[PDB]
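For reference, the chain that follows is the form deposited in one PDB entry, supplied as structure tokens.
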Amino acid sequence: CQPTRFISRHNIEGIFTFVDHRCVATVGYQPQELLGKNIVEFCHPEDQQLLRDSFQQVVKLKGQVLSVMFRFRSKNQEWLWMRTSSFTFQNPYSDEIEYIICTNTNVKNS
């Protein structure tokens, strides 16, 4: 079976700046309900600091992949386990600030 996943881009603070419409099937929200919000706003309280620390560290890992698992609040107010794999991108023809690219998959915690 196809795992359910969608791509997102974030600023280095965590705010959604781009959301792939596969998010509707994965977590129930339209992209516009996520754009402009920090991903931490959808995260379980027990996972929120881990998620903040993960966004902080991915910019230190020399563009390599960092993965995090956390509980994401779906459009039905239910906690769904997500596995977010993230890495930074910076175009070497520029000195513009790096941003973060994520792939977000619903996973089992078992």
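One rule holds for the numbers: they count along the sequence shown, beginning at 1.
Do the C-alpha atoms of 56-64 or of 32-40 have the higher average B factor in the entry? Stretch with the higher mean C-alpha B-factor: 56-64.
Tell me, lowest, middle or highest third: where does the Cα B factor of residue 25 rank within its chain? Tercile = highest for this residue's CA B-factor.
How does residue 107 rank on Cα B-factor within its chain, lowest, middle or highest third? It belongs to the middle third of the chain when residues are ordered by C-alpha B-factor.
Quick check for you: using the entry's CA B-factors within this chain, is residue 73 in the lowest, middle or highest third? For residue 73, the deposited C-alpha B-factor lands in the middle third.
So where's residue 19 on the chain's Cα temperature factor ranking, which third? CA B-factor rank for residue 19: middle third.
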